[PDB]
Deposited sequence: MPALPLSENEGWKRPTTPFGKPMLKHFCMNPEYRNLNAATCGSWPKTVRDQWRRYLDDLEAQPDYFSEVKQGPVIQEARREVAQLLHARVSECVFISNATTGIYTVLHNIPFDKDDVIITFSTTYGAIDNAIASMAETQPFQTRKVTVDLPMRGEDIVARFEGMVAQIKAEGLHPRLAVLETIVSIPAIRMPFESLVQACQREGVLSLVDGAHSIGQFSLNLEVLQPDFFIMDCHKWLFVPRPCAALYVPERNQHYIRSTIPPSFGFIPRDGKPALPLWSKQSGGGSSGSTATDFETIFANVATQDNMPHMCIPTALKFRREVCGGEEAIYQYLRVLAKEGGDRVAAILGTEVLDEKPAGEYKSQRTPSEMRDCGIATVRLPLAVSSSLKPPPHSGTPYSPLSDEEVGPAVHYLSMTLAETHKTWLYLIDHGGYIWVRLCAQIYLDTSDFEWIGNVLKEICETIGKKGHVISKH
């Protein structure tokens, strides 16, 4: 119905000047989602407990159902969590790790995940190995060091237990060869934890063909919902591992109340207090996306096509290059700044205050890179806007 680009600006709820090149961090939802979001506040403020106890349940069961469809997965294999870090941790914590089990990560693994792994190792006797990845690299050359690491670990007599993988690197943002890495884990006997925080709502995803051991995603990053909102995919063949949430609560299951579906689903049903309304905007966001956006695929292809061109443009104006070896099969472009605390500081100051947009930077190799994010309301003009901005900002 509405052609994408700036013609979609009227469907959303931002300052007309505000340029959102960073939608995934907090989210970006349409009018019909903020409306229905606000429609759920009233029903909470008009009858708190009847909303809570009766009117909340079924809409959540609906939202699960659509997400399970959007992943080509079974609704019984999908549960809702507060944020990604909770889900990944929830999986890690429930796994009984021996002293000979090895957890494999990469130099692209999210820092919070490394910390989570660092912490468990204090009271648990396992160990870890970090597959060195220094982008730009090729998709098969990553899988090369992976099976190189797994074969060494089996040669040392240890047991490659679990491998942490991500769809998109947080920053520097690329699409990792995660399908290939899931496969290598299948043949070797390694469990594949997939941190797909940037995944659903950005590019097509078929968990039925992928068959990932565990799949985490942040709906609030690309599914047009407010933060925090996530979901956890575990296939039935692995639902036995997860016996409790993090933190634990009433759905706990021991290895052997009256005021109160499979055991796995109730674990994530009887949990401490939660705001569920972001999850209850999944239907209205996925209806917007079928009726206004012309279906999921329509959205994905724009996000990929805006990201390709727009990123190459900004690269030129600055005089640098967009990280690449497709690792750019994503609505994200990570562009290098011509720059080899305060400065880094000041740069961001200008964005939020002066150019009411915002970008993320990172320390790499003799240069600082930035993360640009596409979305159906931006246009190639907007990315050329930021490009020229950044060049002057850079130089100043």
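Judged by missing C-alpha atoms, the gaps in the deposited chain sequence fall at residues 1-15, 272-276, 281-291, 357-369, 385-407, 464-474, listed in sequence order.
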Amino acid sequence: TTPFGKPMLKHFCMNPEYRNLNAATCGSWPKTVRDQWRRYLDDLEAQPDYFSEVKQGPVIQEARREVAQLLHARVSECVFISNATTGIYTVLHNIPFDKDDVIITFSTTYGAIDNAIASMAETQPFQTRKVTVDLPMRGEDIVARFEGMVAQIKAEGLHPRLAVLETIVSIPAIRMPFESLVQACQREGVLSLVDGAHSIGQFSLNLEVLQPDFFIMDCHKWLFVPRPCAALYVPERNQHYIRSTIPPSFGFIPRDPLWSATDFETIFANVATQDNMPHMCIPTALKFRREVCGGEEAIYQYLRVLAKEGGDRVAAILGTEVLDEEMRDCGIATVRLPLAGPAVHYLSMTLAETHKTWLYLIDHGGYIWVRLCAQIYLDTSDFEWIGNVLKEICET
From here on, numbers count along this sequence of modelled residues.
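The mean C-alpha temperature factor is higher for 158-166 when 158-166 and 88-96 are set side by side. Mean C-alpha B-factor is higher over 68-76 than over the other stretch, the pair under comparison being 174-182 and 68-76.
The residue among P248, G111, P278, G310 whose C-alpha carries the highest B-factor in the deposited model is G310.
In the deposited entry, the Cα temperature factor of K287 sits in the top third of values across the chain's modelled residues.
In the deposited entry, the Cα temperature factor of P257 places it in the highest third of its chain's modelled residues. Compared with the other modelled residues of the chain, the Cα B-factor recorded for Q202 ranks in the middle third. For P228, the recorded CA B-factor ranks within the lowest third of the chain. Only modelled residues enter the ranking. Among all modelled residues in this chain, the alpha-carbon of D195 has a temperature factor (C-alpha) in the lowest third.
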